[PDB]
Amino acid sequence: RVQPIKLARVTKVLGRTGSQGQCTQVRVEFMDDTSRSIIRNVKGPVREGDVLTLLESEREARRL
Amino acid sequence: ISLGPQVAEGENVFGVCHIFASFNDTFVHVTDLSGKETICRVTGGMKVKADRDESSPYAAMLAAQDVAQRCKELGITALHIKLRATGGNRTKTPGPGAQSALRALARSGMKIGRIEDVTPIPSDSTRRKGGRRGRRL
Amino acid sequence: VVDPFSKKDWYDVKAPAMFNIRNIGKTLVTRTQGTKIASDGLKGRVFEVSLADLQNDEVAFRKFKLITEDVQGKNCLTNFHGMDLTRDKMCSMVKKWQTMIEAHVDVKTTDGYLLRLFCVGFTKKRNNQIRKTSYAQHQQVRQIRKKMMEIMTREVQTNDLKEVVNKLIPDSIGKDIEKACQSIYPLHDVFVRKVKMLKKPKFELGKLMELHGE
Amino acid sequence: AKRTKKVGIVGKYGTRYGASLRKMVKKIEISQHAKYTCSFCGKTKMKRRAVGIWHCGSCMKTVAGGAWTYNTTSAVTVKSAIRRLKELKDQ
Amino acid sequence: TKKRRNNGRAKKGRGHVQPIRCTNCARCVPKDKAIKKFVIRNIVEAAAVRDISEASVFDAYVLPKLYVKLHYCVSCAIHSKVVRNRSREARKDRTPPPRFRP
Amino acid sequence: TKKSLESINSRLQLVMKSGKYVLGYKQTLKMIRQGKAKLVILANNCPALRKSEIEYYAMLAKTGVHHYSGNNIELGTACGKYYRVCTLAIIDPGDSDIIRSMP
Amino acid sequence: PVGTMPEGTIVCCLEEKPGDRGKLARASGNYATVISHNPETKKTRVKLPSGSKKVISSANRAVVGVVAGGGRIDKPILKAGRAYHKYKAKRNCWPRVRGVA
Amino acid sequence: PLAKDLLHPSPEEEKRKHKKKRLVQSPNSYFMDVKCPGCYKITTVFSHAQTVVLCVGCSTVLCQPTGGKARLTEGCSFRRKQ
RNA sequence: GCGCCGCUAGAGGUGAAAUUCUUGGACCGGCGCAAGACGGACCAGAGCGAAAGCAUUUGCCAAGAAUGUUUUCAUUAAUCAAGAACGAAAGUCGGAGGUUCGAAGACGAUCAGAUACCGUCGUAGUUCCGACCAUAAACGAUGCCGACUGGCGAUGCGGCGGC
Ligand SMILES: [Mg+2]
Ligand SMILES: [Zn+2]
Ligand SMILES: [Zn+2]
């Protein structure tokens with residue numbers, strides 16, 4: 005709950021998802037170590053090499 | 015003080031943690047080393063009010079938060095895990111409330127010992143509740 | 021209304037001195053309130069714990085049961101109750117195209133310790149074996165099943181309870197029937213799987229503290 | 002000679018009382034009149050006295066077995082449990 | 002028309018086999034029709050391992066497995082894509098599908 | 007209940023062919039008291055004082071006792087005649103090994 | 103007594119308070135099953151033939167078995183005569199005239 | 002194979018068939034001479050025998066009769082005759 | 001399911017949902033007992049059986065294919081109207097039995113209308129012993145017996161020869 009809301013830079017664009025192409029898939033890095041990664045899904049145009057912000061760090065991986 | 019056994023600083027006391035990772039609900043019922051003394055049986059299905067979202071991963075995430083904020087409260091430190099499922103007659107693969115009720119636990123500063131699938135398994139018993147042609151959606 | 025954690029006290033659990041690491045853990049129990057006194061509210065409890073947090077080197081897929089037979093203040097003494105394996109190791113060694121064989125025997129001791137000895141075993145694929153089914157014939161399986169219980173009758177009946185439980189930490193009964201079976205058909209994964217206690221002899225306080233000496 | 006096909010012992014009732022009753026009674030009524038074999042002298046001399054009592058004709062020994070027969074399944078199911086409790090927990 | 006060389010089932014010299022029941026829809030099938038799928042899934046879902054292994058109480062800890070034998074009925078095998086409509090001159094094979102672990 | 011009664015009876019029904027044997031109580035009671043009896047056979051259905059004095063005489067004349075696990079008419083086909091028999095003594099078997107049996 | 107016998111055994115003709123010399127489960131083919139001893143506060147419970155369990159004293163002397171004469175009512179009376187002698191040696195209650203008539 | 006001769010083949014593929022189905026039927030059996038260790042009488046025991054064979058002098062077992070071909074107790078003074 | 005302790009307000013259940021269980025404290029964890037079926041993973045284009053059908057150990061029997069056979073008997077064989085035996089499941093009948101599942105039926109839903117798919121409950125029945133009925137997609141949709149006519153790797157039970 006009480007966590008510092010963290011900026012995050014991406015690895016490669018891993019394609020569209022979300023049944024309409026309205027989500028992308030970016031798999032950010034958490035700014036401190038280069039081995040801590042999680043596969044995620046943001047909406048909006050990417051431009052690989054950006055820095056996006058995570059409201060919280062522990063939600064879900066996209067696999068059913 | 016009245017909570018917490020007298021333990022050294024760099025060590026840890028063990029209490030097992032049963033995870034009932036089923037369909038329609040999940041339990042993150044924690045207890046002592048023996049299993050007997052119920053310490054905190056908090057449920058994902060109590061903290062969501064939608065009833066589609068009782069089995070949901072997000073409920074089982076915060077289900078692990080309330081028990082970890084209670085685990086460190088009494089004094090129990092490191093949790094062996096005794097993951098289950100619906101078991102026996104019914105399905106045995108865990109529900110949505112397995113990983114989110116286990117990954118959220120280790121992010122919540124809490125040491126883990128032996129995790130183990132301890133769902134019940136029959137030796138050919140208990141005619142299943144579907145009928146011959148089964149339940150049909 | 022009242023906070024029920026704070027009516028309790030914490031003990032500590034000690035195994036018998038047959039093992040290396042004695043400090044098992046810390047059960048908790050509420051105090052004496054009228055009839056429910058602070059001993060029989062925890063005598064006979066079962067403590068599931070492995071071996072790798074009870075020995076120094078030993079493998080972790082084997083676990084013991086323990087039963088707190090007496091409490092001497094802070095200490096909570098135990099005694100042997102039974103052994104079993106982890107299921108995910110137990111059905112890791114079950115493969116396709118190799119025949120499971122099994123035995124189950126009731127063997128008591130010289131002390132009043134009726135025990136039920138479960139041993140499984142699986143046939144072995146040799147180095148150069150090109151065919152796939154390394155099964156067995158059934159008259160091989162019958163006399164192999166004769167060999168497996170009849171060894172662990174002699175492993176248990178001839179001498180006392182402590183050398184039974186001192187034997188099977190490095191799987192010495194299991195490696196023993198491993199040694200005499202591969203003259204008939206080869207076996208490679210032999211685990212004395214699960215021991216079920218049935219009888220408890222009269223609860224004499226002696227043999228208990230014999231295990232809680234040095 | 003074979004005199005009749007589908008009465009046997011209940012030909013004595015004749016044309017009375019029904020047909021699902023006399024098909025019920027001729028199973029019992031051949032049983033309670035039969036000479037069972039005595040398990041104590043090896044002879045076929047078991048004779049139904051008043052109900053419950055059975056009595057060996059020779060060896061003179063009386064057994065208080067079943068009511069329309071000599072070993073009701075309820076007795077043997079129980080007897081195979083009493084001699085199991087004598088070894089399970091040994092009391 | 003006859004569709005298959007067998008009659009759809011993997012038995013020849015018998016007359017009766019074990020009846021089992023399906024996983025999801027619980028439907029009774031003979032044991033030698035049903036589509037098995039054995040699952041050896043790493044129970045921690047290995048993305049979530051570098052978040053527990055700091056919190057593990059050892060260094061070299063064998064993370065366990067999970068051994069669940071899904072054996073679907075053939076009605077729910079196709080609907081959940083675990084098998085596929087095949088073609089009439091690529092039917093005749095009993096080869097298992099290739100792995101592609103990475 | 008499946009494969010070990012061919013020991014006691016197939017040894018027994020061979021003496022029925024060759025060796026001398028006596029059925030009944032008071033044939034064997036003459037044979038047990040003049041020494042020529044060698045191995046009495048007591049069925050399961052003997053009365054418990056017939057069972058407990060032939061065992062007493064067998065202690066007196068130094069012979070063996072086989073308890074046949076079976077009814078005294080089940081020993082009828084084990085002999086091979088259409089009687090019942092609780093007690094028999096075999097006194098001179100031809101070439102069998104009932105002396106060399108389990109007791 | 104029903105304190106010594108193990109649970110699940112089959113008992114006829116028992117006492118309802120200790121020393122009563124036989125009261126329960128005494129008709130033909132009936133049996134009370136003892137279950138669930140209480141080690142301290144020594145009561146047991148049983149299972150009387152009406153399916154009602156009853157906590158009784160644990161020192162009720164009882165006889166182990168089942169009452170002979172079982173399966174008795176599994177033959178119809180089948181005529182009016184042999185019901186008259188069934189109820190001539192018991193009571194005088196038998197020709198029961200309906201209230202409506 | 003239109004061109005096989007089946008009245009004068011090799012005498013070795015003649016062996017590689019059944020005891021029937023040959024050009025002429027003839028058994029795998031034979032009579033084999035056996036000296037038991039410690040006697041003087043040569044024994045003419047059948048090859049695929051069925052009995053516990055004794056000897057003239059050696060009043061002990063000569064062969065173990067079994068499934069296909071009888072098995073002598075000692076690997077003994079053994080020759081195949083005629 | 002019944003006890004027995006521990007603990008909290010829900011648990012159950014579905015696409016959602018309610019009937020239903022519950023602070024005379026269920027659900028969960030633990031120690032036990034009891035009763036009933038059924039014998040998972042090993043289990044396969046393997047075996048056995050005339051066919052239905054057969055899977056936890058040790059067990060009193062009795063049967064059989066196949067192979068081994070310089071054994072015996074010396075056409076005793078093949079299919080077979082009339083007629084016989086065995087025959088899943090359901091059904092009937094009697095007595096034990098009643099755990100699970102569940103025809104009927106009772107509700108709760110979704111529906112235009114649901115006497116149906118789904119959910120809780122639930123009788124007869126699923127279980128045994130005995131006495132019946134001879135019907136199945138009893139399918140290999142291929143009668144039994146016998147011979148002859150391609151191959152190739154492989155399989156099971158024997159037998160033979162071998163690094
Ligand atoms: Mg009236
Ligand atoms: Zn008699
Ligand atoms: Zn399905």
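Protein chains in written order, with PDB author numbering: chain Sc, 5 to 68; chain SO, 15 to 151; chain SB, 21 to 234; chain q, 2 to 92; chain Sa, 2 to 103; chain d, 7 to 109; chain A, 103 to 203; chain Sb, 2 to 83.
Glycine included, each C-beta is placed from N, C-alpha and C at the ideal position.
For Sc:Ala12, no chain Sa residue has a Cβ inside 9 Å of its Cβ, as the nearest lies near 16 Å away. Sb:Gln26 and Sb:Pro10 have their alpha carbons spaced roughly 15 Å apart. No Cβ-Cβ contact shorter than 8 Å links SO:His94 with SO:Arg117. Going down the chain, each residue whose beta-carbon is closer than 7 Å to a heavy atom of ligand 1 shows up: A:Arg198, A:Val199 and A:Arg200. For the options Sb:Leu55, Sb:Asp6 and Sb:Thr44, the alpha carbon positioned closest to that of Sb:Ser78 is the one of Sb:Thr44. Look at d:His72 here: in three-state DSSP terms it is strand.
Here the C-alpha atom of SB:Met217 lies approximately 11 Å from the C-alpha atom of SB:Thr129.
Spatial neighbours of SB:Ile41 in its own chain (CB-CB distance under 8 Å, excluding positions within 5 residues in sequence) are listed in chain order as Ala35, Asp73, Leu74, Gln75 and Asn76.
In the three-state reduction of the DSSP assignment, SO:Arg147 falls in the coil class, being assigned neither a helical nor a strand state. Classified as buried, SB:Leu97 has 16 or more neighbouring CB atoms from the shown chains inside 10 Å of its CB. For the stretch 80-104 of chain SO, the continuous beta strand (DSSP E) assignments of 3+ residues that do not extend past its boundaries occur at 93-98, in sequence order.
Neighbours of Sa:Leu64 in chain SB, taken as residues whose beta carbon is under 8 Å from its own, are absent, since the nearest beta carbon is some 11 Å off.
In the three-state reduction of the DSSP assignment, SO:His43 falls in the coil class.
Here the distance from the Cβ of q:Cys60 to the nearest heavy atom of ligand 2 is below 7 Å. The beta carbons of d:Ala95 and d:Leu45 sit about 7 Å from each other, so the pair counts as a contact at 8 Å. Beta-bridge annotation (DSSP): SB:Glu122 is paired with SB:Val140.
A buried status is given to d:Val91, since no fewer than 16 other beta-carbon atoms sit within 10 Å of its beta-carbon. The Cβ of SO:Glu130 sits closer than 8 Å to at least one Cβ of chain SB.
Residue-level contact check: SB:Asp108 touches chain Sa, since one or more beta carbons of chain Sa fall below 8 Å from its beta carbon.
Judged by DSSP in its simplified three-state form, SB:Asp196 adopts helix. For A:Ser160, the nearest beta carbon of chain q is not closer than 8 Å to its own beta carbon. Secondary structure note for SB:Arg82: it is in no alpha helix (DSSP H), and the uninterrupted beta strand (DSSP E) holding it is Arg82 to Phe84. With a threshold of 7 Å, the Cβ atom of SO:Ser122 does not count as near ligand 3, since no heavy atom of the ligand is closer than that.
Interface criterion not met: the Cβ of Sa:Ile36 is under 8 Å from no Cβ in chain SO.
In the DSSP assignment, SO:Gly58 falls outside any beta strand (DSSP E) and carries neither an H nor an E. Chain-ordered, the chain A residues with CB closer than 7 Å to the CB of q:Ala68 read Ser130, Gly171, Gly172, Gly173 and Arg174. Under the DSSP assignment, d:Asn15 falls in the alpha helix (DSSP H) whose first and last residues are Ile14 to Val21.
Residues of the stretch 38-50 of chain Sa that bring their beta carbon within less than 7 Å of a beta carbon in chain Sc comprise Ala48, in sequence order. At a cut-off of 8 Å between C-beta atoms, A:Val199 does not count as an interface residue with respect to chain q. Contact between the stretch 53-62 of chain SO and the stretch 84-98 of chain SO is present: 3 or more CB-CB pairs across the two stretches fall below 8 Å.
Put simply, the backbone Cα of A:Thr111 is about 8 Å away from that of q:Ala82. For SO:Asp46, at least one C-beta of chain SB is nearer than 8 Å to its own C-beta. For the set Sb:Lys18, Sb:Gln65 and Sb:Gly39, the Cα lying nearest the Cα of Sb:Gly58 is the one of Sb:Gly39.
For the pair d:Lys36 and d:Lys9, the Cα-to-Cα distance works out to about 35 Å. Within 8 Å of the CB of d:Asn15, no CB atom of chain q is found; the nearest one sits about 17 Å away. Distance from the CA atom of Sc:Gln26 to the CA atom of Sa:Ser54, rounded to whole angstroms, is 35 Å.
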